[PDB]
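Worksheet for the structure shown next.
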Amino acid sequence: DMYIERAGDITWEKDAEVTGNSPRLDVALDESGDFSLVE
Amino acid sequence: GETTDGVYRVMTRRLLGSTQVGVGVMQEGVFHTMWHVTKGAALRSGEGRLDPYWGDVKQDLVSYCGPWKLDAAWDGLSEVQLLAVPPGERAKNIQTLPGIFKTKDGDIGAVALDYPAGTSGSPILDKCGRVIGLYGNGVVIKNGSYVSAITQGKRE
Ligand SMILES: C=Cc1cc[n+](C)n1C
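Right, here's the structure in full:
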């Protein structure tokens, strides 16, 4: 039995921690909603 | 139950203790999360019940109490923020420039940020605070790192 609990407001934070790269990938999406890499 | 707009944890007591299986967005009276978090099951909010209203395994999305309401889209140029809600940890904003998933049916933004499975359903926002999609359905690339699609539904 699943339940939900509030965790916060949805707002943009000025000066949030900035990280992560921006990869460009060729992918396939199957009927089960799974993404996979195309090579 | 609590119907205030915002981000929420999705919990279960089926496993050991109380376990966070994902996250979602309450907006305009509708609860939005990824299909793989709830598997389409009903949810509790205090003493009230949230019933599924729309869902799609392929898109990996589900809405409760009404139709999908989120319709903002990544502009393809600007940095966005993941409002990560990890299990047992405070909600935190992470800013990043999305990458791209190129598919035979078009291109989708993707964020290269790695959080526990229970963070699935966390919202990705633009600079106006609009939800442009949910984090948690993606792929593991060559060097073993996680990249999530920016998954957004259609507002009918
Ligand atoms: C939300 C994160 C997530 C979803 C699936 N995986 C493997 N990971 C790390």
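Line by line, the protein sequences give chains X and A.
With the first letter of the first sequence counted as 1, position 12 gets the number 1429 in the UniProt record's numbering; the numbers rise by one all the way through.
With the first letter of the second sequence counted as 1, position 153 gets the number 1666 in the UniProt record's numbering; the numbers rise by one all the way through.
Backbone N, C-alpha and C define an ideal beta-carbon position, used for all residues, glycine too.
Heavy atom of ligand 1 within 7 Å of residue i beta-carbon
i: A1630(A); result: yes
i: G1542(A); result: no
i: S1453(X); result: no
i: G1649(A); result: yes
i: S1633(A); result: yes
i: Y1659(A); result: yes
i: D1627(A); result: yes
C-beta atoms of residue i and residue j nearer than 8 Å
i: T1664(A); j: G1642(A); result: no
i: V1624(A); j: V1538(A); result: no
i: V1550(A); j: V1520(A); result: no
i: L1596(A); j: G1666(A); result: no
i: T1517(A); j: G1542(A); result: no
i: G1561(A); j: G1514(A); result: yes
i: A1445(X); j: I1607(A); result: no
i: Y1628(A); j: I1637(A); result: no
Own chain, CB closer than 8 Å to residue i, minus 5 neighbours either side, in chain order
i: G1612(A); result: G1622, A1623, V1624, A1625 and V1660
i: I1654(A); result: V1660
Spatial neighbours of residue i in its chain, beta-carbon cut-off 7 Å, leaving aside the 5 residues before and after
i: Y1566(A); result: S1576, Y1577, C1578, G1579 and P1580
When you check each C-beta in the region 1552-1566 of chain A against every C-beta of chain X, which residues fall closer than 7 Å? Listed in chain order, the positions of the region 1552-1566 of chain A with a beta carbon within less than 7 Å of a beta carbon of chain X are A1554, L1556, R1557 and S1558.
Would you check if the region 1598-1608 of chain A and the region 1423-1433 of chain X touch, i.e. whether three or more CB-CB distances between them fall below 8 Å?
-> yes
Three or more beta-carbon pairs under 8 Å between the region 1555-1573 of chain A and the region 1585-1593 of chain A, yes or no?
no
Query raised in the report: What residues from the region 1600-1620 of chain A come within 7 Å of chain X, judged by C-beta to C-beta, listed N to C?
Result: Per Cβ criterion, the list reads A1604, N1606, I1607, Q1608, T1609, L1610, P1611, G1612, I1613, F1614, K1615 and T1616.
Near-chain X residues of the region 1579-1602 of chain A - C-beta to any C-beta below 7 Å | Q1594, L1596 and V1598
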